[PDB]
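As structure tokens, the structure follows; a few thoughts come after it.
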Amino acid sequence: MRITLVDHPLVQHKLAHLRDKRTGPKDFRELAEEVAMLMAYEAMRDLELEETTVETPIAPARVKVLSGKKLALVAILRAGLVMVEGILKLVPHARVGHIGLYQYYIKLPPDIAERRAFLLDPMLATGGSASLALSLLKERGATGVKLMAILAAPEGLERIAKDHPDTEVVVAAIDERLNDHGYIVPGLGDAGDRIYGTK
Amino acid sequence: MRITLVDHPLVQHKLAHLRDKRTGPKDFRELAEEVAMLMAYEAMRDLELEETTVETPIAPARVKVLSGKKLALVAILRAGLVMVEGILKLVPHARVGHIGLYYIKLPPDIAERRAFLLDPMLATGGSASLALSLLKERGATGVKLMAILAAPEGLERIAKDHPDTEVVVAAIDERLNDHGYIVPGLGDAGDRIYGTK
Amino acid sequence: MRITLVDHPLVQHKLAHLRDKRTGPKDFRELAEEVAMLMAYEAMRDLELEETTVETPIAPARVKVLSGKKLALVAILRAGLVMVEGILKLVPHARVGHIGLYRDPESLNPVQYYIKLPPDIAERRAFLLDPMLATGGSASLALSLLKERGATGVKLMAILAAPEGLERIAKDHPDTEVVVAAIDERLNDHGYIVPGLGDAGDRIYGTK
Amino acid sequence: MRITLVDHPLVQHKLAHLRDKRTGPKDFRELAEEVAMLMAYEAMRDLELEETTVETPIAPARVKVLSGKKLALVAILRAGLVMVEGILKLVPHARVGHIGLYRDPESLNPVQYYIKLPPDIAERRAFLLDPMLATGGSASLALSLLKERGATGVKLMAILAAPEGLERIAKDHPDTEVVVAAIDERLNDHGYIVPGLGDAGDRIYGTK
């Protein structure tokens, strides 16, 4: 299982502010969105292109545009929503799906088998939600799905490599462990609550 | 000289739409802002950091933070404005300067700030070179010049006048026609961004 | 029950573009955000203020600021999300809540799958967001969920509403104030607003 | 002359934070965009509409859309830029003009270093944006520029206006309609609005 760590200094810096317990919901949400955008640069380096011609105001021009259907961003409710908003600023034509667990709620774009797909899950703690989500996506015919997380715990990455080995995980950072209550350590607290002000 | 070609399919795709003469002002503006954002990812990969610790809701955490003052984004009017707007989405704390070629306003102590000069179209390199001089006179150092499209001409003008400056570009075009327009380029950046002519 | 019909040229114009079936997800999502922003002007014109003073870089100044805790924006997933995003551009410090409900295609009744609200809800001005008020079943359930948790003076903001839906809320939650951009004709056999604009959610996120 | 005092709690509140000297460039910039958007709501209740039809996914619908060409937003650099950005969030298809003007810190008279306007501005609803209406010298010149190029029915939009500024515009361009967030006391020895909020441009971009 490929684990891609986004290194950029802007990611590290913003991540420092996200962890800082003194950062309020407004800044936390904006930061989380910026991190998502930055991480998407890395996660989308391999987007396939095709050649075509275009007429500029000055003269004809050989150019390259993305091939196939519009990519799909799939958010794991609730915190995953913040990553979608961030990333849509980079790719506004992206189709969006949502998956909420506990039965489960799922809505995906049509023909997801012919779309590059990205699963957004801010905190990869135990990896259970991400795992199940990946299963639902595979089942619908999704392939080559990239799991994007801001923070990941060893226990979580292991969980994914164990159930979906052929999945790439893009993360800003890998922490030490999960505490007595299932939270990533040192992590940043409850992602959802810190994003929407629902402590 | 120092040149960095931004290599990302999103950039290639968006530049394709910018060049297409059918893309209207709204989409052009949004596209230019997105390209500016993407290009900023590379242009800022070398921002310096410094270690420190912070208290998370859960426990102490070792982290790295940007060092020094806040970075400066200097726009060359008018087209440069679109790039400032796009880039600010990534670094909203950045200080902004403006140069119109005549008029110039910059953040204080720019000599102590990582600076980025924004000029969508590096054609003859004339505007950008003058701007770099004005910036050098004011203590600016290690300036990266960011252009969407560049002509070999402008690149050579900058290599000759300011060999110290690094140039970040999205694509290097053929030449300049007998009207100073980049070929194949995309026309008048400003007019296409704002809907003028 | 009180209903506030929002009348503004930009809202009508954009609503025309939202209804047009030729409008794809990107533009539809942006239009919905803009409409929400515009409707927020009227729905928040009654926010309470209190006097205070600040130092200007020129001199002291007597000013007025909002009083009380930050307001709460509660979205009914999925379509409500777009309204919350647009409104946050005006009031970025607002706290956000989410109520997950999807309408059963057969019974046309709401199915709950999630709810999360800011704390001290009874102490904040509350706004419930969901673009389409059809039968009113989902909004009514949401209104109940908010009520049982202490919310009061709730303003339900919808872009389009069917008379049937308005009647359902007046019946179930008379104290609710409903702000809308337009009132349409009726619902069809499948529970869709006519002429309406189709399935908000699918048209916002490009789903089916 | 016609003066609209945008009266809305969100505007008063945000104005309070813009005035407060502790507000940094990032927040100041966001606040100005937000205030500009709220003000645009009033300034554009004016937009003429026309009747037409479209096909919704459900059925045909009679609707209304804006008539004529896209409206023009003309900013007075530098400070005007922030207002254009905020307002674009509501009307993204608007054409943007730019008039470069700065005030000689001596004669308090404006110096012109740039002007670019949308084509056929005579057939577009126009809005001139300049956060601070101090002596009014800048806005007055700007209005003269717009006038000679065919613009008419122009609404000058400012966040703060001083009496001497309104009088200057009332004197040079009486037909101009002004929309403001608040009218202040006077101008100090340096031409700054009292109590105002200091130098707008500098506070927006972090210059000095």
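The way I read the labels, and the way they are meant: chains A, B, ... in the order of the structure tokens, residue 1 as the first residue of every chain, and ligand 1 as the first ligand shown, with later ones counted on from there.
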Output as a VMD selection string the set of chain C residues within 8 Å of chain D, with distances taken over only C-alpha atoms. chain C and resid 8 to 10 12 to 14 16 19 to 21 34 38 41 44 to 49 54 to 61 63 to 66 89 to 90 192 to 198
Spatial neighbours of residue A:65, max dist 9 Å, only C-alpha atoms, sep filter under 5 positions, as a JSON list (two decimals) with N, CA, C and O atoms, in the first residue's frame:
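Result saved to result.json:
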```json
[["chain", "number", "residue", "atom", "x", "y", "z"],
["A", 48, "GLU", "N", -4.63, 11.94, -15.83],
["A", 48, "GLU", "CA", -4.38, 11.75, -17.25],
["A", 48, "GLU", "C", -4.81, 12.91, -18.15],
["A", 48, "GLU", "O", -5.86, 13.52, -17.94],
["A", 49, "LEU", "N", -4.00, 13.18, -19.16],
["A", 49, "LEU", "CA", -4.24, 14.25, -20.11],
["A", 49, "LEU", "C", -4.32, 13.68, -21.53],
["A", 49, "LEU", "O", -3.90, 12.55, -21.77],
["A", 50, "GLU", "N", -4.83, 14.49, -22.45],
["A", 50, "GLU", "CA", -4.93, 14.10, -23.85],
["A", 50, "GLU", "C", -4.71, 15.38, -24.65],
["A", 50, "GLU", "O", -5.02, 16.47, -24.17],
["A", 51, "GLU", "N", -4.16, 15.25, -25.85],
["A", 51, "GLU", "CA", -3.88, 16.42, -26.66],
["A", 51, "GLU", "C", -5.04, 16.86, -27.53],
["A", 51, "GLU", "O", -5.86, 16.05, -27.96],
["A", 52, "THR", "N", -5.11, 18.16, -27.78],
["A", 52, "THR", "CA", -6.15, 18.71, -28.62],
["A", 52, "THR", "C", -5.69, 20.07, -29.11],
["A", 52, "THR", "O", -4.63, 20.54, -28.71],
["B", 9, "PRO", "N", -0.86, 18.43, -14.45],
["B", 9, "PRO", "CA", -1.95, 18.35, -15.44],
["B", 9, "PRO", "C", -3.06, 19.40, -15.23],
["B", 9, "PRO", "O", -3.64, 19.89, -16.19],
["B", 10, "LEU", "N", -3.33, 19.75, -13.97],
["B", 10, "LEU", "CA", -4.36, 20.77, -13.69],
["B", 10, "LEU", "C", -3.94, 22.09, -14.33],
["B", 10, "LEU", "O", -4.77, 22.82, -14.90],
["B", 12, "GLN", "N", -1.88, 22.41, -16.97],
["B", 12, "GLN", "CA", -1.96, 22.26, -18.42],
["B", 12, "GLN", "C", -3.41, 22.38, -18.88],
["B", 12, "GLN", "O", -3.70, 23.07, -19.84],
["B", 13, "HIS", "N", -4.30, 21.71, -18.16],
["B", 13, "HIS", "CA", -5.73, 21.73, -18.48],
["B", 13, "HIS", "C", -6.32, 23.15, -18.41],
["B", 13, "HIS", "O", -6.99, 23.61, -19.34],
["B", 14, "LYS", "N", -6.06, 23.84, -17.30],
["B", 14, "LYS", "CA", -6.58, 25.19, -17.11],
["B", 14, "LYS", "C", -5.96, 26.20, -18.10],
["B", 14, "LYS", "O", -6.65, 27.09, -18.61],
["B", 15, "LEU", "N", -4.67, 26.04, -18.40],
["B", 15, "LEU", "CA", -4.03, 26.94, -19.35],
["B", 15, "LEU", "C", -4.67, 26.74, -20.72],
["B", 15, "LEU", "O", -4.85, 27.69, -21.49],
["B", 16, "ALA", "N", -5.04, 25.50, -21.02],
["B", 16, "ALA", "CA", -5.69, 25.19, -22.30],
["B", 16, "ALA", "C", -6.96, 26.02, -22.44],
["B", 16, "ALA", "O", -7.21, 26.62, -23.48],
["B", 17, "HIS", "N", -7.77, 26.03, -21.38],
["B", 17, "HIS", "CA", -9.01, 26.80, -21.39],
["B", 17, "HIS", "C", -8.74, 28.30, -21.42],
["B", 17, "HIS", "O", -9.47, 29.04, -22.08]]
```
All strand (DSSP E or B) residues (DSSP, backbone) inside stretch 1-193 of chain B, as an MDAnalysis selection string: chainID B and resid 2:5 49:55 60:66 72:76 95:100 103:105 115:118 121:122 144:150 166:172 175:176 182:183
Would you write out chain C as a PDB file with C-alpha atoms, in the first residue's frame, after superposing it on chain D by least squares over all in-order Cα pairs?
```
ATOM      1  CA  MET C   1     -28.076  64.761  -4.780  1.00  0.00           C
ATOM      2  CA  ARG C   2     -29.371  61.426  -3.559  1.00  0.00           C
ATOM      3  CA  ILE C   3     -27.709  59.613  -0.674  1.00  0.00           C
ATOM      4  CA  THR C   4     -28.681  56.141   0.459  1.00  0.00           C
ATOM      5  CA  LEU C   5     -27.661  55.336   4.006  1.00  0.00           C
ATOM      6  CA  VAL C   6     -27.439  51.549   4.301  1.00  0.00           C
ATOM      7  CA  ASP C   7     -28.885  50.358   7.573  1.00  0.00           C
ATOM      8  CA  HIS C   8     -28.404  46.683   8.458  1.00  0.00           C
ATOM      9  CA  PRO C   9     -27.152  45.095  11.697  1.00  0.00           C
ATOM     10  CA  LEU C  10     -24.442  43.118   9.921  1.00  0.00           C
ATOM     11  CA  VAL C  11     -23.075  46.262   8.318  1.00  0.00           C
ATOM     12  CA  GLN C  12     -22.939  48.164  11.607  1.00  0.00           C
ATOM     13  CA  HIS C  13     -21.343  45.209  13.373  1.00  0.00           C
ATOM     14  CA  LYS C  14     -18.666  44.730  10.712  1.00  0.00           C
ATOM     15  CA  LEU C  15     -18.081  48.461  10.466  1.00  0.00           C
ATOM     16  CA  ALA C  16     -17.267  48.412  14.199  1.00  0.00           C
ATOM     17  CA  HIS C  17     -14.628  45.762  13.505  1.00  0.00           C
ATOM     18  CA  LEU C  18     -13.262  47.700  10.534  1.00  0.00           C
ATOM     19  CA  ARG C  19     -12.837  50.884  12.583  1.00  0.00           C
ATOM     20  CA  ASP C  20     -11.096  49.069  15.465  1.00  0.00           C
ATOM     21  CA  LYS C  21      -7.360  49.716  14.935  1.00  0.00           C
ATOM     22  CA  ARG C  22      -6.578  46.263  16.351  1.00  0.00           C
ATOM     23  CA  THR C  23      -8.022  44.709  13.197  1.00  0.00           C
ATOM     24  CA  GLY C  24      -5.250  43.423  10.963  1.00  0.00           C
ATOM     25  CA  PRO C  25      -5.068  43.241   7.145  1.00  0.00           C
ATOM     26  CA  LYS C  26      -6.587  39.757   6.732  1.00  0.00           C
ATOM     27  CA  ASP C  27      -9.730  40.386   8.778  1.00  0.00           C
ATOM     28  CA  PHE C  28      -9.991  43.980   7.562  1.00  0.00           C
ATOM     29  CA  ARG C  29      -9.916  42.823   3.949  1.00  0.00           C
ATOM     30  CA  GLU C  30     -12.558  40.130   4.579  1.00  0.00           C
ATOM     31  CA  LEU C  31     -14.779  42.549   6.528  1.00  0.00           C
ATOM     32  CA  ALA C  32     -14.551  45.149   3.767  1.00  0.00           C
ATOM     33  CA  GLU C  33     -15.565  42.496   1.237  1.00  0.00           C
ATOM     34  CA  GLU C  34     -18.548  41.419   3.337  1.00  0.00           C
ATOM     35  CA  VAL C  35     -19.668  45.012   3.833  1.00  0.00           C
ATOM     36  CA  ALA C  36     -19.490  45.659   0.070  1.00  0.00           C
ATOM     37  CA  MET C  37     -21.603  42.532  -0.522  1.00  0.00           C
ATOM     38  CA  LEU C  38     -24.228  43.640   1.985  1.00  0.00           C
ATOM     39  CA  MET C  39     -24.385  47.174   0.558  1.00  0.00           C
ATOM     40  CA  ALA C  40     -24.777  45.686  -2.916  1.00  0.00           C
ATOM     41  CA  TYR C  41     -28.175  44.334  -1.911  1.00  0.00           C
ATOM     42  CA  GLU C  42     -29.682  47.811  -1.597  1.00  0.00           C
ATOM     43  CA  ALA C  43     -27.704  49.348  -4.465  1.00  0.00           C
ATOM     44  CA  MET C  44     -28.883  46.668  -6.880  1.00  0.00           C
ATOM     45  CA  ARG C  45     -32.472  46.321  -5.762  1.00  0.00           C
ATOM     46  CA  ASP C  46     -33.422  48.538  -8.718  1.00  0.00           C
ATOM     47  CA  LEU C  47     -31.878  46.354 -11.435  1.00  0.00           C
ATOM     48  CA  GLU C  48     -34.402  45.959 -14.265  1.00  0.00           C
ATOM     49  CA  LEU C  49     -35.986  42.629 -15.210  1.00  0.00           C
ATOM     50  CA  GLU C  50     -37.828  41.175 -18.222  1.00  0.00           C
ATOM     51  CA  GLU C  51     -40.077  38.115 -18.585  1.00  0.00           C
ATOM     52  CA  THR C  52     -39.063  34.893 -20.317  1.00  0.00           C
ATOM     53  CA  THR C  53     -39.585  31.133 -20.085  1.00  0.00           C
ATOM     54  CA  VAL C  54     -37.341  28.147 -19.377  1.00  0.00           C
ATOM     55  CA  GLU C  55     -37.699  24.399 -19.131  1.00  0.00           C
ATOM     56  CA  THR C  56     -37.400  22.994 -15.637  1.00  0.00           C
ATOM     57  CA  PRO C  57     -36.544  19.312 -15.313  1.00  0.00           C
ATOM     58  CA  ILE C  58     -40.145  19.087 -14.118  1.00  0.00           C
ATOM     59  CA  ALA C  59     -42.090  21.429 -16.412  1.00  0.00           C
ATOM     60  CA  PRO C  60     -42.083  24.791 -18.259  1.00  0.00           C
ATOM     61  CA  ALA C  61     -41.724  27.918 -16.144  1.00  0.00           C
ATOM     62  CA  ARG C  62     -42.376  31.623 -16.657  1.00  0.00           C
ATOM     63  CA  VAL C  63     -39.511  33.516 -15.063  1.00  0.00           C
ATOM     64  CA  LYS C  64     -37.766  36.882 -15.003  1.00  0.00           C
ATOM     65  CA  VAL C  65     -34.130  37.652 -15.803  1.00  0.00           C
ATOM     66  CA  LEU C  66     -32.023  40.803 -15.824  1.00  0.00           C
ATOM     67  CA  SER C  67     -32.310  42.846 -19.015  1.00  0.00           C
ATOM     68  CA  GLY C  68     -29.583  44.784 -20.781  1.00  0.00           C
ATOM     69  CA  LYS C  69     -25.824  44.271 -20.836  1.00  0.00           C
ATOM     70  CA  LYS C  70     -23.895  42.994 -17.817  1.00  0.00           C
ATOM     71  CA  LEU C  71     -23.349  45.633 -15.119  1.00  0.00           C
ATOM     72  CA  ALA C  72     -20.028  47.432 -14.598  1.00  0.00           C
ATOM     73  CA  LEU C  73     -18.016  47.540 -11.368  1.00  0.00           C
ATOM     74  CA  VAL C  74     -15.308  50.223 -11.381  1.00  0.00           C
ATOM     75  CA  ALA C  75     -12.753  50.302  -8.602  1.00  0.00           C
ATOM     76  CA  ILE C  76     -10.657  53.247  -7.547  1.00  0.00           C
ATOM     77  CA  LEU C  77      -7.271  51.671  -6.762  1.00  0.00           C
ATOM     78  CA  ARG C  78      -6.288  50.485  -4.355  1.00  0.00           C
ATOM     79  CA  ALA C  79      -9.012  50.248  -1.711  1.00  0.00           C
ATOM     80  CA  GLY C  80     -11.780  49.894  -4.291  1.00  0.00           C
ATOM     81  CA  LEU C  81     -10.441  46.477  -5.297  1.00  0.00           C
ATOM     82  CA  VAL C  82     -11.717  44.843  -2.122  1.00  0.00           C
ATOM     83  CA  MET C  83     -15.245  46.091  -2.786  1.00  0.00           C
ATOM     84  CA  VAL C  84     -15.163  44.783  -6.350  1.00  0.00           C
ATOM     85  CA  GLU C  85     -14.026  41.358  -5.081  1.00  0.00           C
ATOM     86  CA  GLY C  86     -16.801  41.098  -2.538  1.00  0.00           C
ATOM     87  CA  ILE C  87     -19.482  42.211  -5.001  1.00  0.00           C
ATOM     88  CA  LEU C  88     -18.261  39.794  -7.689  1.00  0.00           C
ATOM     89  CA  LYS C  89     -19.297  36.982  -5.356  1.00  0.00           C
ATOM     90  CA  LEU C  90     -22.907  38.088  -5.943  1.00  0.00           C
ATOM     91  CA  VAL C  91     -22.578  39.116  -9.602  1.00  0.00           C
ATOM     92  CA  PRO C  92     -19.589  37.218 -11.091  1.00  0.00           C
ATOM     93  CA  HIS C  93     -20.401  38.142 -14.701  1.00  0.00           C
ATOM     94  CA  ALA C  94     -20.124  41.864 -14.004  1.00  0.00           C
ATOM     95  CA  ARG C  95     -17.513  43.643 -16.113  1.00  0.00           C
ATOM     96  CA  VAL C  96     -14.695  45.317 -14.206  1.00  0.00           C
ATOM     97  CA  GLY C  97     -13.017  48.656 -14.692  1.00  0.00           C
ATOM     98  CA  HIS C  98     -10.093  50.202 -12.840  1.00  0.00           C
ATOM     99  CA  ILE C  99      -9.247  53.856 -12.198  1.00  0.00           C
ATOM    100  CA  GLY C 100      -5.846  54.474 -10.651  1.00  0.00           C
ATOM    101  CA  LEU C 101      -5.737  57.463  -8.333  1.00  0.00           C
ATOM    102  CA  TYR C 102      -3.789  58.286  -5.186  1.00  0.00           C
ATOM    103  CA  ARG C 103      -4.296  61.441  -3.113  1.00  0.00           C
ATOM    104  CA  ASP C 104      -1.324  63.804  -2.915  1.00  0.00           C
ATOM    105  CA  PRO C 105      -0.500  64.068   0.838  1.00  0.00           C
ATOM    106  CA  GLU C 106       0.259  67.787   0.541  1.00  0.00           C
ATOM    107  CA  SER C 107      -2.402  69.287  -1.734  1.00  0.00           C
ATOM    108  CA  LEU C 108      -4.860  66.491  -0.931  1.00  0.00           C
ATOM    109  CA  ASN C 109      -5.712  66.367  -4.636  1.00  0.00           C
ATOM    110  CA  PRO C 110      -5.920  63.187  -6.758  1.00  0.00           C
ATOM    111  CA  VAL C 111      -3.139  62.023  -9.077  1.00  0.00           C
ATOM    112  CA  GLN C 112      -4.227  59.832 -11.996  1.00  0.00           C
ATOM    113  CA  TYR C 113      -2.095  56.937 -13.231  1.00  0.00           C
ATOM    114  CA  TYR C 114      -4.499  54.549 -14.947  1.00  0.00           C
ATOM    115  CA  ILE C 115      -8.032  53.989 -16.227  1.00  0.00           C
ATOM    116  CA  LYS C 116      -9.664  51.097 -18.061  1.00  0.00           C
ATOM    117  CA  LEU C 117     -13.403  50.564 -18.451  1.00  0.00           C
ATOM    118  CA  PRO C 118     -15.611  47.882 -19.988  1.00  0.00           C
ATOM    119  CA  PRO C 119     -16.925  48.747 -23.474  1.00  0.00           C
ATOM    120  CA  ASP C 120     -20.477  50.068 -23.998  1.00  0.00           C
ATOM    121  CA  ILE C 121     -20.294  51.750 -20.583  1.00  0.00           C
ATOM    122  CA  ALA C 122     -23.308  53.937 -21.415  1.00  0.00           C
ATOM    123  CA  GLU C 123     -25.296  50.731 -21.877  1.00  0.00           C
ATOM    124  CA  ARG C 124     -24.518  49.191 -18.491  1.00  0.00           C
ATOM    125  CA  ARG C 125     -25.667  49.945 -14.944  1.00  0.00           C
ATOM    126  CA  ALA C 126     -22.540  51.431 -13.370  1.00  0.00           C
ATOM    127  CA  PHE C 127     -21.139  51.293  -9.836  1.00  0.00           C
ATOM    128  CA  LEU C 128     -18.065  53.248  -8.666  1.00  0.00           C
ATOM    129  CA  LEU C 129     -16.319  51.746  -5.655  1.00  0.00           C
ATOM    130  CA  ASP C 130     -14.034  53.370  -3.093  1.00  0.00           C
ATOM    131  CA  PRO C 131     -14.379  52.746   0.698  1.00  0.00           C
ATOM    132  CA  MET C 132     -13.635  56.298   1.856  1.00  0.00           C
ATOM    133  CA  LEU C 133     -15.249  59.532   0.649  1.00  0.00           C
ATOM    134  CA  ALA C 134     -13.097  62.154   2.403  1.00  0.00           C
ATOM    135  CA  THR C 135     -12.682  65.462   0.556  1.00  0.00           C
ATOM    136  CA  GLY C 136     -14.403  63.793  -2.396  1.00  0.00           C
ATOM    137  CA  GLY C 137     -11.605  64.863  -4.707  1.00  0.00           C
ATOM    138  CA  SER C 138     -10.662  61.427  -5.993  1.00  0.00           C
ATOM    139  CA  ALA C 139     -14.236  60.142  -6.388  1.00  0.00           C
ATOM    140  CA  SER C 140     -15.197  63.332  -8.204  1.00  0.00           C
ATOM    141  CA  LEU C 141     -12.297  62.938 -10.654  1.00  0.00           C
ATOM    142  CA  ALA C 142     -13.333  59.304 -11.186  1.00  0.00           C
ATOM    143  CA  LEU C 143     -16.936  60.381 -11.726  1.00  0.00           C
ATOM    144  CA  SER C 144     -15.755  62.851 -14.374  1.00  0.00           C
ATOM    145  CA  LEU C 145     -13.673  60.193 -16.126  1.00  0.00           C
ATOM    146  CA  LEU C 146     -16.723  57.934 -16.256  1.00  0.00           C
ATOM    147  CA  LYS C 147     -19.012  60.747 -17.376  1.00  0.00           C
ATOM    148  CA  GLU C 148     -16.870  61.869 -20.309  1.00  0.00           C
ATOM    149  CA  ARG C 149     -16.943  58.264 -21.524  1.00  0.00           C
ATOM    150  CA  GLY C 150     -20.726  57.949 -21.611  1.00  0.00           C
ATOM    151  CA  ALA C 151     -21.571  56.516 -18.199  1.00  0.00           C
ATOM    152  CA  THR C 152     -24.826  57.666 -16.582  1.00  0.00           C
ATOM    153  CA  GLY C 153     -26.873  56.834 -13.507  1.00  0.00           C
ATOM    154  CA  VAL C 154     -23.675  56.078 -11.635  1.00  0.00           C
ATOM    155  CA  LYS C 155     -23.914  54.886  -8.053  1.00  0.00           C
ATOM    156  CA  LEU C 156     -20.862  55.676  -5.929  1.00  0.00           C
ATOM    157  CA  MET C 157     -20.519  53.137  -3.133  1.00  0.00           C
ATOM    158  CA  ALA C 158     -18.451  54.089  -0.099  1.00  0.00           C
ATOM    159  CA  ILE C 159     -18.255  52.549   3.338  1.00  0.00           C
ATOM    160  CA  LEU C 160     -17.646  55.825   5.157  1.00  0.00           C
ATOM    161  CA  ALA C 161     -18.182  59.411   4.051  1.00  0.00           C
ATOM    162  CA  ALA C 162     -17.455  62.808   5.570  1.00  0.00           C
ATOM    163  CA  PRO C 163     -20.037  65.616   5.103  1.00  0.00           C
ATOM    164  CA  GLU C 164     -17.366  67.570   3.241  1.00  0.00           C
ATOM    165  CA  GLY C 165     -17.010  64.716   0.747  1.00  0.00           C
ATOM    166  CA  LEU C 166     -20.725  64.357   0.169  1.00  0.00           C
ATOM    167  CA  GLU C 167     -20.928  68.120  -0.479  1.00  0.00           C
ATOM    168  CA  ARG C 168     -18.067  67.910  -2.973  1.00  0.00           C
ATOM    169  CA  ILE C 169     -19.896  65.289  -5.066  1.00  0.00           C
ATOM    170  CA  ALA C 170     -23.245  67.113  -4.877  1.00  0.00           C
ATOM    171  CA  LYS C 171     -21.405  70.184  -6.163  1.00  0.00           C
ATOM    172  CA  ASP C 172     -19.424  68.476  -8.937  1.00  0.00           C
ATOM    173  CA  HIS C 173     -21.750  65.591  -9.890  1.00  0.00           C
ATOM    174  CA  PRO C 174     -25.310  66.129  -8.568  1.00  0.00           C
ATOM    175  CA  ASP C 175     -26.696  63.282 -10.693  1.00  0.00           C
ATOM    176  CA  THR C 176     -24.535  60.751  -8.858  1.00  0.00           C
ATOM    177  CA  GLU C 177     -26.254  58.658  -6.194  1.00  0.00           C
ATOM    178  CA  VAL C 178     -24.042  57.944  -3.182  1.00  0.00           C
ATOM    179  CA  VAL C 179     -24.601  54.752  -1.196  1.00  0.00           C
ATOM    180  CA  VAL C 180     -22.827  54.648   2.177  1.00  0.00           C
ATOM    181  CA  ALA C 181     -22.771  52.603   5.366  1.00  0.00           C
ATOM    182  CA  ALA C 182     -22.105  55.586   7.603  1.00  0.00           C
ATOM    183  CA  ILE C 183     -21.593  59.327   7.625  1.00  0.00           C
ATOM    184  CA  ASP C 184     -18.859  60.493   9.960  1.00  0.00           C
ATOM    185  CA  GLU C 185     -18.023  63.776  11.678  1.00  0.00           C
ATOM    186  CA  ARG C 186     -15.428  65.579   9.602  1.00  0.00           C
ATOM    187  CA  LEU C 187     -11.909  65.457   8.196  1.00  0.00           C
ATOM    188  CA  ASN C 188      -8.778  66.192  10.210  1.00  0.00           C
ATOM    189  CA  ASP C 189      -5.876  68.458   9.245  1.00  0.00           C
ATOM    190  CA  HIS C 190      -4.404  65.660   7.120  1.00  0.00           C
ATOM    191  CA  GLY C 191      -7.579  64.861   5.199  1.00  0.00           C
ATOM    192  CA  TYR C 192      -8.560  61.800   7.196  1.00  0.00           C
ATOM    193  CA  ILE C 193     -12.110  60.962   8.169  1.00  0.00           C
ATOM    194  CA  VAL C 194     -12.880  61.235  11.890  1.00  0.00           C
ATOM    195  CA  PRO C 195     -13.400  58.892  13.550  1.00  0.00           C
ATOM    196  CA  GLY C 196     -13.100  57.007  10.244  1.00  0.00           C
ATOM    197  CA  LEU C 197     -10.821  53.959  10.295  1.00  0.00           C
ATOM    198  CA  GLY C 198      -7.440  55.220   9.096  1.00  0.00           C
ATOM    199  CA  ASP C 199      -5.929  54.542   5.671  1.00  0.00           C
ATOM    200  CA  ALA C 200      -8.178  51.959   3.961  1.00  0.00           C
ATOM    201  CA  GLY C 201      -5.541  50.853   1.462  1.00  0.00           C
ATOM    202  CA  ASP C 202      -2.756  50.362   4.001  1.00  0.00           C
ATOM    203  CA  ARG C 203      -5.120  48.517   6.326  1.00  0.00           C
ATOM    204  CA  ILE C 204      -6.330  46.255   3.512  1.00  0.00           C
ATOM    205  CA  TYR C 205      -2.997  45.227   2.013  1.00  0.00           C
ATOM    206  CA  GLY C 206      -0.750  45.771   5.026  1.00  0.00           C
ATOM    207  CA  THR C 207       1.289  48.653   3.634  1.00  0.00           C
ATOM    208  CA  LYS C 208       2.605  52.034   4.788  1.00  0.00           C
TER     209      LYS C 208
END
```
Determine which residues of chain B sit within 9 Å of chain D, taking into account only C-alpha atoms, and present them as an mmCIF file with C-alpha atoms, in the first residue's frame.
```
data_model
loop_
_atom_site.group_PDB
_atom_site.id
_atom_site.type_symbol
_atom_site.label_atom_id
_atom_site.label_comp_id
_atom_site.auth_asym_id
_atom_site.auth_seq_id
_atom_site.Cartn_x
_atom_site.Cartn_y
_atom_site.Cartn_z
ATOM 1 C CA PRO B 25 -14.177 36.823 -18.500
ATOM 2 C CA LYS B 26 -15.760 34.988 -15.583
ATOM 3 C CA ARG B 78 -3.360 45.472 -14.060
ATOM 4 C CA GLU B 85 -6.497 37.147 -5.483
ATOM 5 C CA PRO B 92 -4.435 35.080 3.331
ATOM 6 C CA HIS B 93 -1.944 36.686 5.748
ATOM 7 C CA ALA B 94 0.347 37.765 2.920
ATOM 8 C CA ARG B 95 1.025 41.480 2.532
ATOM 9 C CA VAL B 96 0.347 42.970 -0.878
ATOM 10 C CA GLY B 97 2.185 45.552 -2.910
ATOM 11 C CA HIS B 98 1.223 47.100 -6.239
ATOM 12 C CA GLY B 100 1.789 50.199 -12.065
ATOM 13 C CA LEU B 101 4.017 51.039 -15.027
ATOM 14 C CA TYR B 102 4.883 55.231 -11.976
ATOM 15 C CA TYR B 103 2.833 54.013 -9.001
ATOM 16 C CA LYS B 105 3.195 50.679 -2.794
ATOM 17 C CA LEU B 106 4.825 47.853 -0.854
ATOM 18 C CA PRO B 107 4.582 46.242 2.569
ATOM 19 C CA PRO B 108 7.129 47.638 5.069
ATOM 20 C CA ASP B 191 -9.046 42.575 -20.988
ATOM 21 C CA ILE B 193 -9.787 38.852 -17.011
ATOM 22 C CA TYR B 194 -12.024 41.896 -16.511
ATOM 23 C CA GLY B 195 -14.104 42.136 -19.684
ATOM 24 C CA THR B 196 -12.577 45.259 -21.173
ATOM 25 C CA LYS B 197 -10.769 45.828 -24.475
#
```
